[PDB]
$ cat structure01.cif   # mmCIF, C-alpha atoms
data_model
#
loop_
_atom_site.group_PDB
_atom_site.id
_atom_site.type_symbol
_atom_site.label_atom_id
_atom_site.label_comp_id
_atom_site.auth_asym_id
_atom_site.auth_seq_id
_atom_site.Cartn_x
_atom_site.Cartn_y
_atom_site.Cartn_z
ATOM 1 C CA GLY A 1 -26.262 10.479 -37.229
ATOM 2 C CA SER A 2 -26.758 7.540 -34.877
ATOM 3 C CA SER A 3 -29.677 5.608 -33.388
ATOM 4 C CA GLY A 4 -30.616 2.766 -31.060
ATOM 5 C CA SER A 5 -30.710 2.587 -27.269
ATOM 6 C CA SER A 6 -28.308 0.403 -25.287
ATOM 7 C CA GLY A 7 -29.586 0.236 -21.722
ATOM 8 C CA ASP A 8 -33.231 0.276 -20.660
ATOM 9 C CA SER A 9 -34.983 -0.575 -17.393
ATOM 10 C CA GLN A 10 -38.490 -1.993 -17.785
ATOM 11 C CA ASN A 11 -39.786 -4.167 -14.946
ATOM 12 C CA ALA A 12 -43.228 -4.306 -13.336
ATOM 13 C CA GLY A 13 -42.464 -6.782 -10.568
ATOM 14 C CA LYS A 14 -44.333 -10.074 -10.858
ATOM 15 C CA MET A 15 -44.460 -12.909 -8.325
ATOM 16 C CA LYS A 16 -43.179 -16.415 -9.065
ATOM 17 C CA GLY A 17 -45.499 -19.412 -8.959
ATOM 18 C CA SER A 18 -47.925 -20.774 -11.543
ATOM 19 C CA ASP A 19 -50.612 -20.852 -8.853
ATOM 20 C CA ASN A 20 -52.968 -18.005 -7.952
ATOM 21 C CA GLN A 21 -53.772 -19.195 -4.429
ATOM 22 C CA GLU A 22 -50.977 -17.590 -2.411
ATOM 23 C CA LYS A 23 -51.631 -14.368 -4.325
ATOM 24 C CA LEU A 24 -55.361 -14.243 -3.587
ATOM 25 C CA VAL A 25 -54.795 -14.762 0.139
ATOM 26 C CA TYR A 26 -51.970 -12.244 0.506
ATOM 27 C CA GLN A 27 -54.258 -9.661 -1.095
ATOM 28 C CA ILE A 28 -56.965 -10.367 1.481
ATOM 29 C CA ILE A 29 -54.459 -9.916 4.305
ATOM 30 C CA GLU A 30 -53.241 -6.499 3.161
ATOM 31 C CA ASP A 31 -56.876 -5.437 2.802
ATOM 32 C CA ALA A 32 -57.463 -6.016 6.515
ATOM 33 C CA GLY A 33 -55.010 -3.228 7.279
ATOM 34 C CA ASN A 34 -53.174 -2.538 10.530
ATOM 35 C CA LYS A 35 -56.009 -4.232 12.418
ATOM 36 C CA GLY A 36 -55.049 -7.445 10.648
ATOM 37 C CA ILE A 37 -57.121 -10.526 9.857
ATOM 38 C CA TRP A 38 -57.969 -13.878 11.440
ATOM 39 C CA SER A 39 -56.663 -17.058 9.813
ATOM 40 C CA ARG A 40 -60.315 -18.100 9.612
ATOM 41 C CA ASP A 41 -61.742 -14.909 8.113
ATOM 42 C CA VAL A 42 -59.368 -15.790 5.275
ATOM 43 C CA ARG A 43 -60.570 -19.337 4.620
ATOM 44 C CA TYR A 44 -63.807 -17.738 3.423
ATOM 45 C CA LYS A 45 -62.232 -14.880 1.468
ATOM 46 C CA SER A 46 -59.393 -16.907 -0.052
ATOM 47 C CA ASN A 47 -62.073 -19.550 -0.610
ATOM 48 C CA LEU A 48 -59.419 -22.107 0.339
ATOM 49 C CA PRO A 49 -59.382 -24.998 2.846
ATOM 50 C CA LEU A 50 -57.756 -24.676 6.270
ATOM 51 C CA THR A 51 -54.863 -26.859 5.118
ATOM 52 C CA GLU A 52 -54.357 -24.224 2.424
ATOM 53 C CA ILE A 53 -54.783 -21.158 4.634
ATOM 54 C CA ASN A 54 -52.251 -22.585 7.086
ATOM 55 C CA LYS A 55 -49.514 -23.253 4.529
ATOM 56 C CA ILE A 56 -50.326 -20.043 2.657
ATOM 57 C CA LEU A 57 -50.546 -17.776 5.703
ATOM 58 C CA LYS A 58 -47.155 -19.126 6.775
ATOM 59 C CA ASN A 59 -45.403 -19.196 3.399
ATOM 60 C CA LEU A 60 -46.019 -15.454 3.104
ATOM 61 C CA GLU A 61 -44.557 -14.877 6.567
ATOM 62 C CA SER A 62 -41.404 -16.343 5.022
ATOM 63 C CA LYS A 63 -41.347 -13.972 2.047
ATOM 64 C CA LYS A 64 -41.292 -11.039 4.468
ATOM 65 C CA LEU A 65 -44.737 -10.111 3.146
ATOM 66 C CA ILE A 66 -46.772 -10.610 6.320
ATOM 67 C CA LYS A 67 -46.379 -11.504 9.996
ATOM 68 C CA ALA A 68 -48.277 -13.096 12.883
ATOM 69 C CA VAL A 69 -49.674 -10.685 15.471
ATOM 70 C CA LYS A 70 -51.842 -11.185 18.554
ATOM 71 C CA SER A 71 -54.501 -8.716 19.695
ATOM 72 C CA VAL A 72 -54.504 -7.330 23.237
ATOM 73 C CA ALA A 73 -57.151 -9.946 24.015
ATOM 74 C CA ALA A 74 -55.744 -12.985 25.819
ATOM 75 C CA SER A 75 -57.721 -15.365 23.606
ATOM 76 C CA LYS A 76 -56.217 -18.258 21.648
ATOM 77 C CA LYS A 77 -56.111 -16.624 18.213
ATOM 78 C CA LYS A 78 -53.749 -15.688 15.382
ATOM 79 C CA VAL A 79 -53.927 -12.520 13.284
ATOM 80 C CA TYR A 80 -51.962 -11.907 10.087
ATOM 81 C CA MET A 81 -51.035 -8.439 8.830
ATOM 82 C CA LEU A 82 -48.567 -6.954 6.344
ATOM 83 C CA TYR A 83 -44.920 -7.331 7.353
ATOM 84 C CA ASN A 84 -44.119 -3.721 6.462
ATOM 85 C CA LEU A 85 -46.456 -2.469 9.190
ATOM 86 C CA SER A 86 -44.894 -1.698 12.572
ATOM 87 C CA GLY A 87 -47.743 -3.192 14.578
ATOM 88 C CA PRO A 88 -48.621 -2.466 18.224
ATOM 89 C CA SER A 89 -46.491 -0.067 20.267
ATOM 90 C CA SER A 90 -45.396 0.008 23.909
ATOM 91 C CA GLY A 91 -46.982 1.967 26.743
#
$ encode --input "structure01.cif" --output "structure tokens"
Amino acid sequence: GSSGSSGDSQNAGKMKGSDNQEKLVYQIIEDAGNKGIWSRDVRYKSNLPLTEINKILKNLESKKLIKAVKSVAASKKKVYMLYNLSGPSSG
């Protein structure tokens, strides 16, 4: 007659940082989907200043969470979409 368990795996997977700014933005980016989102469109959603959207949008690109993609249009812009996505294909 024995009891007790020695070895359990219980982890949800939280993100470091005592701030909820980089988490609110990243969520808005993934929402955009394959199409992606414009750095600006975020400023409004993330309700954060440009200086914040710039550092945030980038930071994520470092955590392999998102990436910078450019639409077929030859216009000076910058879209951000999940890093897992494959993006545009050749043809």
$ closest_residue --input "structure01.cif" --among "A:42, A:12, A:81, A:69" --to "residue 30 in chain A" --atoms "all atoms listed in the file"
A:81
$ residues_around --input "structure01.cif" --residues "residue 46 in chain A" --least-positions-apart "3" --cutoff "8 Å" --atoms "only C-alpha atoms" --output "list in words"
residues 21, 24, 25, 28, 42, 43 and 53 of chain A
$ closest_residue --input "structure01.cif" --among "A:63, A:6, A:29, A:55" --to "residue 41 in chain A" --atoms "all atoms listed in the file"
A:29
$ resolve_selection --input "structure01.cif" --expression "the PyMOL selection byres ((chain A and resi 71-79) around 10)" --output "JSON, numbers by chain"
{"A": [29, 35, 36, 37, 38, 39, 40, 41, 57, 67, 68, 69, 70, 80, 81, 88]}
$ resolve_selection --input "structure01.cif" --expression "the PyMOL selection byres ((chain A and resi 84) around 8)" --output "count of residues only"
6
$ atom_distance --input "structure01.cif" --atom1 "CA of residue 22 in chain A" --atom2 "CA of residue 60 in chain A"
7.7 Å
$ atom_distance --input "structure01.cif" --atom1 "CA of residue 56 in chain A" --atom2 "CA of residue 44 in chain A"
13.7 Å
$ atom_distance --input "structure01.cif" --atom1 "CA of residue 18 in chain A" --atom2 "CA of residue 33 in chain A"
26.7 Å
$ axis_aligned_box --input "structure01.cif" --around "range 76-79 of chain A" --padding-each-side "3 Å" --output "JSON"
{"center_x": -55.0, "center_y": -15.4, "center_z": 17.5, "size_x": 8.5, "size_y": 11.7, "size_z": 14.4}
$ decode --input "structure01.cif" --residues "range 13-76 of chain A" --atoms "C-alpha atoms" --output "mmCIF file, in the first residue's frame"
data_model
loop_
_atom_site.group_PDB
_atom_site.id
_atom_site.type_symbol
_atom_site.label_atom_id
_atom_site.label_comp_id
_atom_site.auth_asym_id
_atom_site.auth_seq_id
_atom_site.Cartn_x
_atom_site.Cartn_y
_atom_site.Cartn_z
ATOM 1 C CA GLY A 13 2.745 28.639 -21.061
ATOM 2 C CA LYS A 14 2.800 32.255 -19.905
ATOM 3 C CA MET A 15 4.821 35.132 -21.357
ATOM 4 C CA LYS A 16 7.438 37.045 -19.365
ATOM 5 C CA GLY A 17 7.082 40.766 -18.728
ATOM 6 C CA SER A 18 5.079 42.663 -16.120
ATOM 7 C CA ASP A 19 3.654 44.820 -18.908
ATOM 8 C CA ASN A 20 0.533 44.073 -20.951
ATOM 9 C CA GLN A 21 1.439 46.234 -23.948
ATOM 10 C CA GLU A 22 3.467 43.812 -26.066
ATOM 11 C CA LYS A 23 0.781 41.200 -25.407
ATOM 12 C CA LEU A 24 -2.134 43.364 -26.547
ATOM 13 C CA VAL A 25 -0.391 44.260 -29.808
ATOM 14 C CA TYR A 26 0.749 40.738 -30.675
ATOM 15 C CA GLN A 27 -2.866 39.625 -30.276
ATOM 16 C CA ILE A 28 -4.021 42.269 -32.753
ATOM 17 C CA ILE A 29 -1.426 41.104 -35.277
ATOM 18 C CA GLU A 30 -2.468 37.447 -35.201
ATOM 19 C CA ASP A 31 -6.078 38.573 -35.611
ATOM 20 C CA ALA A 32 -5.252 40.165 -38.965
ATOM 21 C CA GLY A 33 -4.444 36.724 -40.335
ATOM 22 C CA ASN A 34 -2.402 35.838 -43.410
ATOM 23 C CA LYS A 35 -3.350 39.193 -44.930
ATOM 24 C CA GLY A 36 -1.425 40.833 -42.104
ATOM 25 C CA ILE A 37 -1.780 44.287 -40.572
ATOM 26 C CA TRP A 38 -0.348 47.779 -41.040
ATOM 27 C CA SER A 39 1.884 49.227 -38.322
ATOM 28 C CA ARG A 40 -0.634 52.075 -38.188
ATOM 29 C CA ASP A 41 -3.824 50.012 -37.992
ATOM 30 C CA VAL A 42 -2.211 48.764 -34.781
ATOM 31 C CA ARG A 43 -1.582 52.130 -33.127
ATOM 32 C CA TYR A 44 -5.366 52.422 -32.885
ATOM 33 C CA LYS A 45 -6.055 48.835 -31.825
ATOM 34 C CA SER A 46 -3.122 48.523 -29.421
ATOM 35 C CA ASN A 47 -4.133 52.021 -28.317
ATOM 36 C CA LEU A 48 -0.410 52.767 -28.073
ATOM 37 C CA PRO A 49 1.767 55.590 -29.464
ATOM 38 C CA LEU A 50 3.870 55.154 -32.603
ATOM 39 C CA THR A 51 7.027 55.015 -30.487
ATOM 40 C CA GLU A 52 5.373 52.048 -28.776
ATOM 41 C CA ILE A 53 4.079 50.321 -31.907
ATOM 42 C CA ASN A 54 7.543 50.557 -33.458
ATOM 43 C CA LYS A 55 9.422 48.996 -30.542
ATOM 44 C CA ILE A 56 6.624 46.492 -29.936
ATOM 45 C CA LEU A 57 6.131 45.464 -33.565
ATOM 46 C CA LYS A 58 9.881 44.859 -33.754
ATOM 47 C CA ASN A 59 10.428 43.200 -30.375
ATOM 48 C CA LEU A 60 7.953 40.501 -31.401
ATOM 49 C CA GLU A 61 9.804 39.961 -34.679
ATOM 50 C CA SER A 62 12.703 39.019 -32.403
ATOM 51 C CA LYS A 63 10.740 36.457 -30.391
ATOM 52 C CA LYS A 64 9.964 34.608 -33.624
ATOM 53 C CA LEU A 65 6.314 35.527 -33.066
ATOM 54 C CA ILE A 66 5.767 37.756 -36.099
ATOM 55 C CA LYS A 67 7.545 39.039 -39.207
ATOM 56 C CA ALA A 68 7.585 41.999 -41.595
ATOM 57 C CA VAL A 69 5.930 41.422 -44.970
ATOM 58 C CA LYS A 70 5.251 43.708 -47.932
ATOM 59 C CA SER A 71 2.138 43.484 -50.107
ATOM 60 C CA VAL A 72 2.403 43.144 -53.886
ATOM 61 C CA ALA A 73 1.771 46.890 -54.039
ATOM 62 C CA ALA A 74 4.951 48.907 -54.574
ATOM 63 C CA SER A 75 3.931 51.443 -51.928
ATOM 64 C CA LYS A 76 6.089 52.480 -48.973
#
